[PDB]
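Reading through the structure tokens given below for one structure.
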Amino acid sequence: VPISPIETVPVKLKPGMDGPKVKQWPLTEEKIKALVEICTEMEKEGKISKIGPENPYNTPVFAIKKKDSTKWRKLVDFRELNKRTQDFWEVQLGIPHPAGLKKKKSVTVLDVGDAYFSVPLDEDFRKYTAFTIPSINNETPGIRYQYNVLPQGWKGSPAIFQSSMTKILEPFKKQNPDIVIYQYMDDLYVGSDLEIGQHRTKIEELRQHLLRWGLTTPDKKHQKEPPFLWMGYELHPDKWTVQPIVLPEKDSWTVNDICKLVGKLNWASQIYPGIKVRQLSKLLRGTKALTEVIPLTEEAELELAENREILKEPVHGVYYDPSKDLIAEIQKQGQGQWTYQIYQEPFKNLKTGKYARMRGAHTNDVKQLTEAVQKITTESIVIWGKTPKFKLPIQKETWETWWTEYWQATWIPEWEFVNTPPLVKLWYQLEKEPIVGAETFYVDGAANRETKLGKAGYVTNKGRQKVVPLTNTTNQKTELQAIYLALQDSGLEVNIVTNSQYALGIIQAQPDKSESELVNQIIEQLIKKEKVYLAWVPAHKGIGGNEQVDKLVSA
Amino acid sequence: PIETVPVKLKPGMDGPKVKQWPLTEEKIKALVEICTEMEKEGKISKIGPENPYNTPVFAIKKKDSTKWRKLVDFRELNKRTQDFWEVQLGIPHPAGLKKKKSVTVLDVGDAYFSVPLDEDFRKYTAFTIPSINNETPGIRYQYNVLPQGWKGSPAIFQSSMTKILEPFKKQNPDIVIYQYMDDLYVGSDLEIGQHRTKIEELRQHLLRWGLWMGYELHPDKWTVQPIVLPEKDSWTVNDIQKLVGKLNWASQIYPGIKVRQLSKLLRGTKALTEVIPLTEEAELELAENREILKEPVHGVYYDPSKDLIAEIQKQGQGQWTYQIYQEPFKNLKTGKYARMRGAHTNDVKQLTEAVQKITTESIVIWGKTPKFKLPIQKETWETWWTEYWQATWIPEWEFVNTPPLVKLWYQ
DNA sequence: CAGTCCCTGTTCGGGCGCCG
DNA sequence: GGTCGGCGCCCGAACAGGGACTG
């Protein structure tokens with residue numbers, strides 16, 4: 001067997017474990033013909049070699065159809081090998097995005113063929129890549145081969161190819177520094193600001209530099225004229241857009257179908273602004289079977305129809321211009337949902353997106369807005385390596401009030417206010433000093449861990465009082481209920497004294513939404529008030545009326 | 001032609017496998033230029049996917065510095081080689097460094113590139129350089145010499161370092177020199193003028209052996225932040241409730257604190273804004289508690305075998321308080337920072353500056369870096385903290401969310 | 001005192017989408 | 001078909017760790 005012009009990556013097994021010894025699956029007669037036809041061809045080209053009984057290893061093998069072609073692809077079930085092979089550190093850290101490309105005079109795209117089959121495998125490792133090819137007769141012993149290249153289906157093949165490919169491009173990129181080469185597996189986006197005459201020269205020079213190592217660049221996949229098909233997009237000299245997306249039109253929707261729907265809906269949200277998947281993801285909660293038919297809710301059918309109406313109109317993105325600033329603007333779409341658009345010129349969106357993670361049981365719009373900004377910041381640094389300037393639907397004074405008074409560290413990069421309702425604001429402000437002339441409520445609440453019963457109430461300085469029996473509750477729910485009572489039976493200005501750190505830690509965070517209905521009722525009463533002062537005192541210390549109301553709600 | 005010191009991980013532990021976070025453009029261009037240069041000087045060499053280990057890498061600019069500096073987050077590797085630099089080749093900590101009038105820090109990380117690293121250990125120093133928009137796959141490297149920011153580097157170079165410092169330590173015996181990570185702390189009681197001169201004498205004393213910085217500290221002017229009670233002449237119900245809550249919380253530190261007579265003033269169900277006169281038994285319980293807060297806590301002392309822990313509280317208006325301890329309520333040191341860079345506009349910058357100042361103080365006093373309890377969300381911190389880091393070391397930290405309770409450390 | 005449990009947050013396992 | 005790797009989303013489950021309470 002000849003030596004492959006590319007250097008080979010040394011691969012070991014994990015210490016203490018031997019190669020795989022798995023029996024072959026029964027294969028359909030149509031797949032056996034496709035395998036023997038491809039086996040016998042790769043052995044002629046020096047890619048697989050025969051092995052005798054001295055190789056005690058074996059692994060299953062099968063074959064699937066190629067997309068839009070009569071050819072078949074050979075795949076090996078290395079699930080037992082991959083467990084015992086050494087761990088690899090992948091060199092693909094993410095996926096390129098067209099919004100990060102710069103306008104170049106000339107653009108060329110090519111795709112080498114049978115990529116993994118042009119890179120050798122380590123010599124000392126070929127013994128563990130042994131497999132059997134079952135013949136048309138079950139009594140025939142079968143032909144046994146071993147791989148000489150990267151087997152399609154092995155966990156080290158993508159890692160090894162990307163690193164081997166980068167090593168071959170380095171001498172070209174070192175000699176041609178002004179040539180931009182976007183390398184993602186076997187596909188090379190090549191662009192330059194050189195004239196179209198000296199462009200094609202450097203293209204041919206690469207196609208020969210790649211040929212010297214056994215990498216063929218067929219003219220069938222060569223692309224010299226726009227539009228270019230790169231990474232699932234359509235690259236034009238001035239704009240770009242995703243390749244057409246097709247949503248299922250199922251009359252009876254199963255859980256898996258929504259999952260394929262949602263997954264697609266996401267894929268689109270990167271350029272199609274305004275995609276909402278709130279009510280559609282509400283169908284995937286608490287469900288167990290992937291094939292369990294599920295009826296669409298009224299809110300989900302409306303959300304789907306809107307999304308189908310957005311996919312009808314054509315949308316497109318632009319490219320990154322380093323000379324002009326990066327801008328990102330966010331809007332408040334649904335409760336718990338956010339969308340954004342990244343652009344440099346008005347209405348010329350580089351890309352869009354959405355953020356909707358519900359973080360925590362109690363939160364407000366300001367928290368979710370800060371979480372959204374951070375998600376955009378990281379994503380932007382991935383694609384453009386810089387933080388965009390932000391246009392936020394929150395008043396400057398609103399945000400200044402929040403971050404200065406919040407006990408956690410919080411910050412937003414350079415941003416400016418945009419008057420696009422609905423505006424994010426704080427729905428209530430707790431006073432910092434007790435209110436003069438306001439009734440003072442000493443609240444407390446307790447419950448029994450066994451009976452699950454408790455009381456909650458208050459005592460005021462004007463003699464007012466209340467105690468309410470509560471059934472199927474906890475100590476925390478009662479202390480919260482006691483505060484809800486004080487808010488109900490008080491005027492517009494009220495001073496409230498509690499001994500519950502749990503209740504005080506939730507309210508001081510100024511939440512406007514909560515997963516608990518009792519908190520939402522407390523929020524609704526807090527918005528109706530003009531001035532509210534909360535205070536904490538240690539319990540069981542005989543403090544004010546907090547000890548008098550502790551003894552009333554004791555049982 | 002130098003012999004390599006053999007190093008091994010701690011028993012029963014694999015190398016670090018931490019993913020590389022996304023980097024900005026100005027950082028990637030700085031790492032490329034440095035790494036290409038370090039590759040040309042043989043300090044590093046390219047590797048492949050067969051190495052399953054990786055460590056994050058980013059770049060910084062020290063205070064009032066224009067040149068970028070390569071920095072590696074070897075916190076995970078240092079945890080997995082802890083027995084080497086503490087048991088076999090430990091460095092003593094001078095208890096007099098914190099008593100000097102002026103201490104200066106010197107980046108000596110460039111000297112570690114003169115000593116080759118053990119061949120079998122180079123596999124764990126692996127790191128990956130990302131590209132913008134993932135144009136190219138990860139450009140991986142590994143170290144061929146003593147890496148900057150690794151705890152095992154100053155321990156191997158210690159024998160060589162002592163011989164370089166001996167001619168200067170003999171001429172200047174009263175000067176204290178400590179070495180932590182890639183920095184060298186030189187403290188002296190000399191006047192500020194002749195102090196900086198002796199620094200330049202050292203700087204040239206290290207240039208002749210094959211090695212520059214300048215950050216002055218004044219550990220003798222370091223103050224602590226005690227717990228203080230208000231000196232009001234007219235006390236309202238609310239004032240007394242806040243006072244009792246604060247005294248009740250402070251009782252976990254000073255067992256001698258009592259709130260019996262003050263709680264007696266809070267018997268009736270009174271309005272918060274109502275003024276209450278302090279009884280004779282309460283004015284004495286208040287004055288006695290002010291004196292107990294003047295006394296030092298009983299039974300507090302540093303334990304070298306225990307990990308340091310630091311808590312930070314945002315007090316607003318550019319105010320930040322901190323406490324260092326090993327056992328709860330046994331605070332080795334307290335303090336407060338104000339008017340740091342980014343005050344009144346940026347809270348992550350202030351929190352980043354506060355961690356660096358606290359860590360620097362912990363190195364001068366005990367020679368250890370504390371584990372921080374940061375008052376910030378995890379996602380907020382991990383997004384911006386690298387944009388304000390100006391130090392060659394990186395402490396450990398965790399994220400807490402304690403609502404304020406009774407403002408115990410700041411009035 | 002040490003054990004719970006009430007609550008809240010994080011990490012992870014598993015489904016699509018996409019790319020080669 | 002029921003291969004690999006990368007990234008993204010959504011969900012529940014498992015695990016975690018703090019606070020108040022009674023044995």
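FYI, nothing fancy with the structure tokens labels: chains A, B, ... in order, residues from 1 per chain, ligands from 1 as they appear.
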Do me a favour and pick out the residues of chain B within 12 Å of chain D, using only C-alpha atoms (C1' of nucleotides), as a ChimeraX atom specification.
/B:134,137-138,400-402
Atoms kept (C-alpha atoms) for selection, written as a short mmCIF file (atom, residue, chain, number, x, y, z; two decimals), in the first residue's frame:
data_model
loop_
_atom_site.label_atom_id
_atom_site.label_comp_id
_atom_site.auth_asym_id
_atom_site.auth_seq_id
_atom_site.Cartn_x
_atom_site.Cartn_y
_atom_site.Cartn_z
CA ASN B 134 -15.51 30.73 12.84
CA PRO B 137 -11.13 25.86 12.75
CA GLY B 138 -9.32 26.15 16.07
CA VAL B 400 -24.42 34.24 45.22
CA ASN B 401 -27.73 36.12 45.43
CA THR B 402 -28.31 37.27 48.99
#
List every residue of segment 107-218 of chain B that DSSP, applied to the backbone, labels as strand (DSSP E), and write the result as a PyMOL selection string.
chain B and resi 107+127-129+139-143+176-180+183-188+215-217
Restricted to N, CA and C atoms, what would the selected residues look like written as a PDB file, in the first residue's frame?
ATOM      1  N   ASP B 107       6.393  42.151  36.781  1.00  0.00           N
ATOM      2  CA  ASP B 107       6.057  41.001  35.948  1.00  0.00           C
ATOM      3  C   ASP B 107       7.355  40.326  35.521  1.00  0.00           C
ATOM      4  N   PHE B 127      -3.926  24.614  24.292  1.00  0.00           N
ATOM      5  CA  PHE B 127      -4.940  25.655  24.213  1.00  0.00           C
ATOM      6  C   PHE B 127      -5.294  25.912  22.755  1.00  0.00           C
ATOM      7  N   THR B 128      -6.432  26.574  22.549  1.00  0.00           N
ATOM      8  CA  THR B 128      -6.988  26.799  21.222  1.00  0.00           C
ATOM      9  C   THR B 128      -7.265  28.283  21.025  1.00  0.00           C
ATOM     10  N   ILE B 129      -6.915  28.795  19.851  1.00  0.00           N
ATOM     11  CA  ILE B 129      -7.192  30.177  19.466  1.00  0.00           C
ATOM     12  C   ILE B 129      -8.411  30.185  18.551  1.00  0.00           C
ATOM     13  N   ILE B 139      -7.047  26.983  15.968  1.00  0.00           N
ATOM     14  CA  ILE B 139      -5.597  26.919  15.805  1.00  0.00           C
ATOM     15  C   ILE B 139      -4.997  26.550  17.163  1.00  0.00           C
ATOM     16  N   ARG B 140      -4.585  25.292  17.309  1.00  0.00           N
ATOM     17  CA  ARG B 140      -4.127  24.789  18.596  1.00  0.00           C
ATOM     18  C   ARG B 140      -2.610  24.894  18.761  1.00  0.00           C
ATOM     19  N   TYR B 141      -2.180  25.091  20.011  1.00  0.00           N
ATOM     20  CA  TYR B 141      -0.767  25.116  20.375  1.00  0.00           C
ATOM     21  C   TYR B 141      -0.551  24.377  21.690  1.00  0.00           C
ATOM     22  N   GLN B 142       0.722  24.154  22.019  1.00  0.00           N
ATOM     23  CA  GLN B 142       1.118  23.644  23.326  1.00  0.00           C
ATOM     24  C   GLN B 142       2.462  24.251  23.706  1.00  0.00           C
ATOM     25  N   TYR B 143       2.716  24.324  25.009  1.00  0.00           N
ATOM     26  CA  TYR B 143       3.882  25.016  25.542  1.00  0.00           C
ATOM     27  C   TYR B 143       5.098  24.100  25.556  1.00  0.00           C
ATOM     28  N   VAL B 176      12.504  43.055  51.489  1.00  0.00           N
ATOM     29  CA  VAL B 176      11.766  41.797  51.441  1.00  0.00           C
ATOM     30  C   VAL B 176      11.329  41.543  50.004  1.00  0.00           C
ATOM     31  N   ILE B 177      11.591  40.330  49.517  1.00  0.00           N
ATOM     32  CA  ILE B 177      11.274  39.937  48.150  1.00  0.00           C
ATOM     33  C   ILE B 177      10.453  38.655  48.195  1.00  0.00           C
ATOM     34  N   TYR B 178       9.238  38.710  47.657  1.00  0.00           N
ATOM     35  CA  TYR B 178       8.361  37.555  47.567  1.00  0.00           C
ATOM     36  C   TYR B 178       7.996  37.306  46.110  1.00  0.00           C
ATOM     37  N   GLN B 179       7.817  36.033  45.758  1.00  0.00           N
ATOM     38  CA  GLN B 179       7.498  35.644  44.389  1.00  0.00           C
ATOM     39  C   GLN B 179       6.203  34.846  44.403  1.00  0.00           C
ATOM     40  N   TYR B 180       5.191  35.364  43.715  1.00  0.00           N
ATOM     41  CA  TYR B 180       3.916  34.683  43.543  1.00  0.00           C
ATOM     42  C   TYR B 180       3.528  34.688  42.074  1.00  0.00           C
ATOM     43  N   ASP B 183       4.643  37.255  39.174  1.00  0.00           N
ATOM     44  CA  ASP B 183       4.913  38.555  39.758  1.00  0.00           C
ATOM     45  C   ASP B 183       5.922  38.432  40.888  1.00  0.00           C
ATOM     46  N   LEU B 184       6.607  39.542  41.139  1.00  0.00           N
ATOM     47  CA  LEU B 184       7.641  39.624  42.162  1.00  0.00           C
ATOM     48  C   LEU B 184       7.342  40.842  43.016  1.00  0.00           C
ATOM     49  N   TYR B 185       7.165  40.626  44.313  1.00  0.00           N
ATOM     50  CA  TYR B 185       6.777  41.680  45.236  1.00  0.00           C
ATOM     51  C   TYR B 185       8.003  42.106  46.029  1.00  0.00           C
ATOM     52  N   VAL B 186       8.376  43.374  45.900  1.00  0.00           N
ATOM     53  CA  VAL B 186       9.556  43.913  46.558  1.00  0.00           C
ATOM     54  C   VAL B 186       9.094  45.043  47.461  1.00  0.00           C
ATOM     55  N   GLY B 187       9.280  44.870  48.755  1.00  0.00           N
ATOM     56  CA  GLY B 187       8.835  45.840  49.740  1.00  0.00           C
ATOM     57  C   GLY B 187      10.025  46.349  50.527  1.00  0.00           C
ATOM     58  N   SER B 188       9.982  47.629  50.869  1.00  0.00           N
ATOM     59  CA  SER B 188      11.076  48.279  51.565  1.00  0.00           C
ATOM     60  C   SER B 188      10.496  49.439  52.351  1.00  0.00           C
ATOM     61  N   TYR B 215       4.179  48.817  39.795  1.00  0.00           N
ATOM     62  CA  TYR B 215       2.893  49.070  40.439  1.00  0.00           C
ATOM     63  C   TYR B 215       3.164  49.075  41.928  1.00  0.00           C
ATOM     64  N   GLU B 216       2.964  50.238  42.496  1.00  0.00           N
ATOM     65  CA  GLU B 216       3.322  50.536  43.858  1.00  0.00           C
ATOM     66  C   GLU B 216       2.120  50.303  44.748  1.00  0.00           C
ATOM     67  N   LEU B 217       2.412  49.759  45.908  1.00  0.00           N
ATOM     68  CA  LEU B 217       1.447  49.491  46.945  1.00  0.00           C
ATOM     69  C   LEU B 217       1.962  50.065  48.252  1.00  0.00           C
TER      70      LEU B 217
END
What's the 10 Å shell around segment 24-39 of chain B, counting only C-alpha atoms (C1' of nucleotides), without same-chain residues fewer than 4 positions away, as a PyMOL selection string?
(chain A and resi 378+380-387) or (chain B and resi 43-46+57-60+67-71+113+129-132+139+141-144+387)
Per DSSP on the backbone, what are the alpha helix (DSSP H) residues of segment 99-341 of chain B, as an MDAnalysis selection string?
chainID B and resid 152:156 158:171 192:207 237:250 260:264 280:292
Could you tell me which residues of chain C sit within 12 Å of chain B when counting only C-alpha atoms (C1' of nucleotides), and give me the result as a short mmCIF file (atom, residue, chain, number, x, y, z; two decimals) with N, CA, C and O atoms (P, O5', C5', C4', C3', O3' and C1' of nucleotides), in the first residue's frame?
data_model
loop_
_atom_site.label_atom_id
_atom_site.label_comp_id
_atom_site.auth_asym_id
_atom_site.auth_seq_id
_atom_site.Cartn_x
_atom_site.Cartn_y
_atom_site.Cartn_z
P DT C 8 -39.79 29.86 45.42
"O5'" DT C 8 -38.29 29.98 44.92
"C5'" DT C 8 -37.22 30.20 45.86
"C4'" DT C 8 -35.89 29.95 45.19
"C3'" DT C 8 -35.91 30.14 43.68
"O3'" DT C 8 -34.84 30.97 43.22
"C1'" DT C 8 -34.96 28.05 44.23
P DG C 9 -34.80 31.53 41.70
"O5'" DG C 9 -33.50 30.85 41.09
"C5'" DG C 9 -32.24 31.01 41.75
"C4'" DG C 9 -31.34 29.85 41.41
"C3'" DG C 9 -31.10 29.66 39.92
"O3'" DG C 9 -29.84 30.23 39.53
"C1'" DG C 9 -31.42 27.57 41.10
P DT C 10 -29.29 30.13 38.01
"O5'" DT C 10 -28.58 28.70 37.96
"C5'" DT C 10 -27.68 28.31 38.99
"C4'" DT C 10 -27.22 26.88 38.80
"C3'" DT C 10 -26.74 26.54 37.38
"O3'" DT C 10 -25.46 25.93 37.44
"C1'" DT C 10 -28.36 24.96 38.11
#
Taking only C-alpha atoms (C1' of nucleotides) into account, what are the residues of chain C at most 12 Å from chain A, put as a list in words?
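Every residue meeting the condition is included here: residues 4, 5, 6, 7, 8, 9, 10, 14, 15, 16, 17, 18, 19 and 20 of chain C.
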With 9 Å as the limit and counting only C-alpha atoms (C1' of nucleotides), what residues in chain A lie close to chain D? Please list them as number ranges by chain.
A: 63-65, 75-79, 90-95, 152-159, 259, 262-263, 266-267, 281, 284-287, 449, 475, 501-502
Between atom CA of residue 549 of chain A and atom CA of residue 443 of chain A - distance in Å to one decimal:
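Going from atom CA of residue 443 of chain A over to atom CA of residue 549 of chain A, I get 6.6 Å.
The smallest atom-to-atom distance between chain B and any of A:301, A:321, A:123, A:170, using only C-alpha atoms, is found for A:170.
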Quick one: residues within 10 Å of segment 13-19 of chain A, only C-alpha atoms (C1' of nucleotides) counted, chain neighbours fewer than 3 positions away excluded, as an NGL selection string?
:A and (22 or 56-59 or 80-87 or 125 or 127-130)
Please produce an output containing N, CA and C atoms for each residue in the selection, written as a PDB file, in the first residue's frame.
ATOM      1  N   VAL A  22     -17.779  -7.201  17.245  1.00  0.00           N
ATOM      2  CA  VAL A  22     -19.233  -7.205  17.137  1.00  0.00           C
ATOM      3  C   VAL A  22     -19.620  -7.920  15.851  1.00  0.00           C
ATOM      4  N   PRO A  56      -8.535 -10.246  14.809  1.00  0.00           N
ATOM      5  CA  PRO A  56      -9.678 -10.729  15.591  1.00  0.00           C
ATOM      6  C   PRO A  56     -10.783  -9.706  15.810  1.00  0.00           C
ATOM      7  N   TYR A  57     -10.708  -8.533  15.194  1.00  0.00           N
ATOM      8  CA  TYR A  57     -11.675  -7.469  15.418  1.00  0.00           C
ATOM      9  C   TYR A  57     -12.733  -7.466  14.320  1.00  0.00           C
ATOM     10  N   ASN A  58     -13.896  -6.905  14.649  1.00  0.00           N
ATOM     11  CA  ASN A  58     -14.992  -6.794  13.696  1.00  0.00           C
ATOM     12  C   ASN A  58     -15.999  -5.773  14.204  1.00  0.00           C
ATOM     13  N   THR A  59     -16.649  -5.091  13.263  1.00  0.00           N
ATOM     14  CA  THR A  59     -17.654  -4.086  13.575  1.00  0.00           C
ATOM     15  C   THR A  59     -18.733  -4.119  12.503  1.00  0.00           C
ATOM     16  N   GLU A  80     -19.216   0.837  19.286  1.00  0.00           N
ATOM     17  CA  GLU A  80     -18.391   0.126  20.252  1.00  0.00           C
ATOM     18  C   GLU A  80     -16.921   0.529  20.164  1.00  0.00           C
ATOM     19  N   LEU A  81     -16.445   0.910  18.977  1.00  0.00           N
ATOM     20  CA  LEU A  81     -15.090   1.442  18.841  1.00  0.00           C
ATOM     21  C   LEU A  81     -14.969   2.793  19.537  1.00  0.00           C
ATOM     22  N   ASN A  82     -15.865   3.729  19.196  1.00  0.00           N
ATOM     23  CA  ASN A  82     -15.786   5.101  19.698  1.00  0.00           C
ATOM     24  C   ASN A  82     -15.772   5.148  21.219  1.00  0.00           C
ATOM     25  N   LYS A  83     -16.375   4.153  21.873  1.00  0.00           N
ATOM     26  CA  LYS A  83     -16.366   4.116  23.331  1.00  0.00           C
ATOM     27  C   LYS A  83     -14.956   3.900  23.861  1.00  0.00           C
ATOM     28  N   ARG A  84     -14.166   3.077  23.175  1.00  0.00           N
ATOM     29  CA  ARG A  84     -12.841   2.705  23.647  1.00  0.00           C
ATOM     30  C   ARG A  84     -11.716   3.509  23.004  1.00  0.00           C
ATOM     31  N   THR A  85     -11.985   4.239  21.923  1.00  0.00           N
ATOM     32  CA  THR A  85     -10.959   5.114  21.372  1.00  0.00           C
ATOM     33  C   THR A  85     -10.634   6.241  22.349  1.00  0.00           C
ATOM     34  N   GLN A  86      -9.503   6.896  22.102  1.00  0.00           N
ATOM     35  CA  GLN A  86      -9.123   8.085  22.849  1.00  0.00           C
ATOM     36  C   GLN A  86     -10.081   9.240  22.571  1.00  0.00           C
ATOM     37  N   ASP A  87     -10.160  10.158  23.533  1.00  0.00           N
ATOM     38  CA  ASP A  87     -10.985  11.347  23.370  1.00  0.00           C
ATOM     39  C   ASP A  87     -10.262  12.356  22.489  1.00  0.00           C
ATOM     40  N   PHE A 125      -3.292   2.056  13.741  1.00  0.00           N
ATOM     41  CA  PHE A 125      -4.686   2.038  14.147  1.00  0.00           C
ATOM     42  C   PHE A 125      -5.585   1.317  13.152  1.00  0.00           C
ATOM     43  N   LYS A 127      -5.714  -1.636  12.297  1.00  0.00           N
ATOM     44  CA  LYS A 127      -6.089  -2.993  12.671  1.00  0.00           C
ATOM     45  C   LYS A 127      -7.428  -3.027  13.396  1.00  0.00           C
ATOM     46  N   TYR A 128      -7.744  -1.981  14.161  1.00  0.00           N
ATOM     47  CA  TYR A 128      -8.993  -1.941  14.911  1.00  0.00           C
ATOM     48  C   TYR A 128     -10.194  -1.552  14.058  1.00  0.00           C
ATOM     49  N   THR A 129      -9.980  -1.138  12.813  1.00  0.00           N
ATOM     50  CA  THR A 129     -11.064  -0.768  11.898  1.00  0.00           C
ATOM     51  C   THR A 129     -11.429  -1.924  10.972  1.00  0.00           C
ATOM     52  N   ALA A 130     -11.582  -3.111  11.545  1.00  0.00           N
ATOM     53  CA  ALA A 130     -11.909  -4.314  10.793  1.00  0.00           C
ATOM     54  C   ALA A 130     -13.410  -4.566  10.784  1.00  0.00           C
TER      55      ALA A 130
END
The residue from B:202, B:47, B:308, B:192 with the smallest atom-to-atom distance to chain A, counting only C-alpha atoms, is B:47
Tell me, as number ranges by chain, which residues lie within 9 Å of residue 395 of chain B, counting only C-alpha atoms (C1' of nucleotides); anything in the same chain fewer than 3 positions away does not count.
B: 75, 355-356, 359, 369-372
One decimal, Å: what's the distance from atom CA of residue 351 of chain A over to atom CA of residue 397 of chain A, could you say?
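Taking atom CA of residue 351 of chain A as the start and atom CA of residue 397 of chain A as the end point, the length is 29.5 Å.
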Polymer residues at most 8 Å from residue 262 of chain B, only C-alpha atoms (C1' of nucleotides), same-chain spacing of 4 or more positions, as an NGL selection string
:B and (240 or 244 or 266 or 282 or 285)
Selected residues, C-alpha atoms, written as a PDB file, in the first residue's frame, please.
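File written: part.pdb
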ATOM      1  CA  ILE B 240     -34.678  51.188  66.788  1.00  0.00           C
ATOM      2  CA  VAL B 244     -31.951  45.737  66.798  1.00  0.00           C
ATOM      3  CA  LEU B 266     -40.525  47.791  71.134  1.00  0.00           C
ATOM      4  CA  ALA B 282     -31.239  51.050  76.902  1.00  0.00           C
ATOM      5  CA  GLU B 285     -26.896  48.634  76.504  1.00  0.00           C
TER       6      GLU B 285
END
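Atom CA of residue 366 of chain B to atom CA of residue 253 of chain B spans 22.1 Å [interatomic distance, one decimal].
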Choose the residue, out of A:235, A:376, A:61, A:11, that has the smallest atom-to-atom separation from chain B; count only C-alpha atoms.
A:11
Excluding residue 112 of chain B and residues on its chain fewer than 4 positions from it, collect all residues at most 12 Å away from it, counting only C-alpha atoms (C1' of nucleotides), and give them as a list in words.
residues 43, 107, 108, 116, 117, 143, 144, 145, 146, 147, 148, 149, 150, 151, 152, 153, 154, 155, 156, 157, 158, 160, 161, 181, 182, 183, 210 and 211 of chain B
Quick one: which residues from chain B are at most 6 Å off chain A, using only C-alpha atoms, as a list in words?
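In the required form, that comes to residues 22, 24, 25, 49, 50, 52, 132, 133, 134, 135, 136, 137, 138, 245, 263, 266, 267, 268, 269, 270, 271, 273, 314, 347, 375, 376 and 403 of chain B.
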Could you tell me which of B:63, B:339, B:306, B:330 comes closest to residue 214 of chain B if we count only C-alpha atoms?
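Going through B:63, B:339, B:306, B:330 one by one, the smallest distance to residue 214 of chain B is for B:63.
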